[PDB]
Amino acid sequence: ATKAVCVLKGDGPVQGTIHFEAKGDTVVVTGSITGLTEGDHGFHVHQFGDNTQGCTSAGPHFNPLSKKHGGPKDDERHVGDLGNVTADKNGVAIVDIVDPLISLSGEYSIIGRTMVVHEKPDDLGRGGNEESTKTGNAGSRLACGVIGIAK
C-alpha cells in the first residue's frame, strides 16, 4: 500500500479527511479538519481500528516500541504521536506532516488503525504528571476514523 485515507467523524461537528502517501522512504500526511475550536488539538494514531464504541474503542496510542508519549521530533515518543494540528478562527486546521516513524506496511503500518483528533493541545510529554507521559493531556476524542487503503 502506497496511499491511505481516513475520514474523521465523531458525535459533534468535527470532521475531516486525511490522506497518507508513501513518498521515498517517508510518509506525508495531508488534509484538513473543520468544526474545531481555535488553537491546538492533539493528533495521534491510536492502536485499534475498532469503532464499535465510537472513538473510545480505538485504545491507546500506537506504540510498538513501548515508549512514553512525546512530540513528533522527540526520540522518546509513541509511533502514533503526530503532535498538534492548529485550527484558525474559523475552526479549520490544515494538515501537513512528514513523519519518519509511521508508514503503510510492515511492523510500523498504520493501515487499519485509528486517526484521532483531540479536544485539547498535546503537551508533548512535558506536562509533568503521569497523564502527560501517556496522552500528553490531550483530553477527549472529538472525531476519529479507521485508516484505509486508497487508490
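Quick note: we count residues from 1 along the sequence shown, nothing fancier.
Practice task
On mean C-alpha B-factor from the PDB entry, just flag whether 123 to 131 or 17 to 25 is the higher one.
Solution key: Averaging CA B-factors over each stretch, the winner is 17 to 25.
Handout entry: Mean Cα B-factor comparison, 107 to 115 or 53 to 61, giving the higher one as deposited
Key = For C-alpha atoms only, the mean B-factor is higher in 53 to 61.
Problem - Within-chain third of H46 by Cα B-factor, per the entry - result: Lowest third - that is where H46 ends up once the chain's C-alpha B-factors are sorted.
Problem - Ranked against its chain, the third holding the CA B-factor of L36 - result: Its C-alpha B-factor belongs to the highest third of this chain's values.
Handout entry: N90, C-alpha B-factor rank within chain (lowest, middle or highest third)
Key = It falls in the top third of the chain.
Handout entry: Chain thirds of CA B-factor: placement of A4
Key = Ranked within chain, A4 CA B lands in the middle tercile.
Exercise for the section: Would you mind ranking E76 by its C-alpha B-factor against the rest of the chain and naming the third, lowest, middle or highest? Expected result: It falls in the middle third of the chain.
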